[PDB]
Every structure is written in C-alpha cells, then in structure tokens.
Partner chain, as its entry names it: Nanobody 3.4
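The chain that follows stands alone, in the form solved without the partner chain, written as structure tokens.
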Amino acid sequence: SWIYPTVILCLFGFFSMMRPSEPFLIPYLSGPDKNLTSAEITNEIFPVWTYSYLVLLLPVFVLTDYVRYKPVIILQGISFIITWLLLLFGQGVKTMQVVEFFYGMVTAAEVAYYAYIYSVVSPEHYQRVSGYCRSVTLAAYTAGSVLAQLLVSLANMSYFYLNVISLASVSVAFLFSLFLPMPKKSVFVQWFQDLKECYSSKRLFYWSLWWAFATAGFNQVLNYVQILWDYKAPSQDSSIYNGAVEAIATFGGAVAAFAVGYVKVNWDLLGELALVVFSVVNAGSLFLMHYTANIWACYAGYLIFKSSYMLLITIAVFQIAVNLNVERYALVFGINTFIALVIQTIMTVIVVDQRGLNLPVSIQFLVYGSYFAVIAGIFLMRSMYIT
C-alpha cells in the first residue's frame, strides 16, 4: 500500500540530492569553469539564495497543501533542471544570481518533498516512511559526495561534468516526481486562526519549536563546519578530507534517519526523551567540535552532531505528521523551515556577518554549541516543568 509512493518519492529525493556538484560547488564557480571571484560568490551570490529561499518558502507552506504537494515537488524538479541548466551554461554573476534564486526554489519546495508522503500514506507508516525519506535524502548527498570524490580522485572529472552528472541525476529525479502518485484531496486572520488550529496539537508545537530553532543552528554548522575544519587543520589536502567527512557524517545521519524509520520503538513516550538526549548530544558534539583542537576529534564530533540531529529531525517530522491531525503537512513543515531560516539568517547576521559581531570561527562554534545547549536546556526545563 505505502510501498510504491514511498519508493518513488525516495528515488526522487535520492536523485534530487545525489548531486556530485554540491561538495565541489564553490570550486566549480570559482575555478576556470566560471572564473568568478570569491568575494562575489559569498557576499553577492549566496545571500541571493538565502533571500530567494525565504521568499519562496513564503508561498510554499501557503500553497503546497492546497495543490496536494505534487506540483511543488514537480516545480522543484523543473526548477532543479533550471538551476543546474543555468549552473552549467550560464556565465557571469548575472545568471548565477538567477541560479541561486532557482536553488532557493528547490530548497523551499524541498519542504513539499518531505510533506508529500504523509499526505499519501497512512499515519501508521509515518514512522517508517519518515526515516526512509530522510535517510534516502541523506544517502543521496553522501552518495553524490563519495561519487564526486571518486570522479575527482580517480577519473579527474572536471567540475563542469560533475554538474552535468548532477543535472542528469536531478533530471531522473524530475522523471520520478512526474510518476509520483497524486495525493487525495483535503480571510488572512482566519488563515492564521487555521494555523492556530494547525499548531494546537499534542507534542507538536514543541517539536516545531525545536525544528524552528535547532535546525537553524544545524544549517549554521553546515555552512561553517568547513571553515572550522580549515581553522583547526590548515592543510592543503584537507579539502578532499573535509567534504568526504561530511559524506560520512551525512551517511551517519542517513543511518540515523534509517534508524528512526526502522526501529519499532514508540516515540509517543520517548519523543521527549529522544529530544532531550539527542539535543544534549548535539550540544556536546558542537562543544567538542570547538573546545578540542584535534582535527580527528572535530571530525568525530561533527559526525555525532550530524547523525544525532538527522535522527532528531526525523523524529520531529514524524511526530509532527502523526500529531498534526490536520491535512496541512507542508504548512507546519513549511512554516517550520521558514522560521528556522529566519532564525538562521538572524544569527548569521549577528554571529559571523561583518554587520553583526563578526565572531571568528574559533568562537563561532562555541556560540553554536551554546545555542544548542540553550535549546537542550529549554527542553530540559520543559521536562522538569512536566515533572
């Protein structure tokens, strides 16, 4: 019953994130392929992606539930084709901003990817499905990652052909999304009131708050983990190591996500326990990622953080899906990702951006670990409040 939609969406998400260009993205548009300077790739190109992500998530959670979650995925698939098509044959920064915009489209519609399956499978499978979905996505990345590595370590494949393989993968993902089964069917203040009815669920607003907050710190860690590794071990070869470790970490997260789907354990009573334990694990790993000036210890801490957070976000998505009791799967997922991106952008402005505090990378992860520890303690003091 649930096997065909789950398998098709898992194949889509695998081929929509099996992107060998992703680990070698910055070298691709900063090397001979595009000849863009590094001060226009991060101060003018990536903020465009962030802004497009915000303004494209804004109509995702509003409209994805109404359109039954397939067109936004199909819009994600087509915009994957546009993103990497302009990433392949678009020179200069004028076209690359448009690509950052379409990648914001694909990332905002990635909310539809997660929320579609809960609108097409019964709640009983919401655990298993969840894991698998998240797992395959993470598997996707690490697959692409390791694939990319081999293509640059054994076949000297140029970054342009890495992006070509990425486009071919997301093209197969678009074809799989075309074959996704269509889910069955089903002023402003009222809409907000509906959101209030959609957010008054049991053990969901707190999982939502974790999603709205912990994933912002996770995305900050994702962005600046390579910079932390460069600070810890300024090695010329470390690059091939760095992304590779991400692969393993992502792979770990994959299996961690694959854990949540596979284990026949009840998160109804262990949801709070899993939240507390693995949020404390994330905080401790982030502190370990910073406090210990050992590159191998930092890699292990990053693997632990990524795997535990992937497990936690899988539990969060599953628990929100079962406890939602409203058809708006992508509204809560979409607004969760939008609020998380808002918090991530705000803490990027303060923590690392020149406009804010501009904290060096040797205290960046200190404050990231402090942020995750604050999140965990908030969910510590919630358990004590429950008593």
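Note that the rigid core is defined as the largest set of C-alphas that superpose within 1.5 Å between two forms. Residue numbers count along the first chain shown, from 1.
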| item | value |
| --- | --- |
| 66-74 against 354-362 - segment lying farther from this form in 8 other deposited structures of this protein (CA RMS, rigid core fit) | 354-362 |
| Stretch with larger C-alpha RMS deviation in 8 other deposited structures of this protein, core superposed, 125-133 versus 281-289 | 281-289 |
| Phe213 unmodelled in at least a third of other compared entries | no |
| Check: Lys184 without coordinates in a third or more of other entries | no |
| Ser186 to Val187: deposited residues without atomic coordinates | 10 or more |
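Another form, the form solved in complex with the partner chain, is not on view; read the next lines as being about it.
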query: Listed residue that, although the partner chain is not shown, lies within 4.5 Å of it in the deposited bound form (heavy atoms), from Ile339, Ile41, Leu56, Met347; finding: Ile41
query: Candidate from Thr107, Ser201, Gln226, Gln220 lying within 4.5 Å of the partner chain in the deposited bound form - any heavy atom; finding: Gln226
query: Contact at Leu288, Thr292 and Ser370 by the partner chain in the deposited bound form, all three, heavy atom at most 4.5 Å; finding: no
query: Contact stretch among 24-32, 56-64, 317-325, 331-339 - heavy atom within 4.5 Å of the partner chain in the deposited bound form; finding: 24-32
query: Contact test in the deposited bound form: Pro360 vs the partner chain, heavy atoms, 4.5 Å; finding: yes
query: 4.5 Å heavy atom contact, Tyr231 to the partner chain in the deposited bound form; finding: yes
query: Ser122 within 4.5 Å of the partner chain in the deposited bound form, heavy atoms; finding: no
query: Close approach of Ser235 to the partner chain in the deposited bound form, 4.5 Å, heavy atom; finding: yes
query: Partner contacts for 317-332, taking the partner chain in the deposited bound form and a 4.5 Å heavy atom cut-off; finding: none
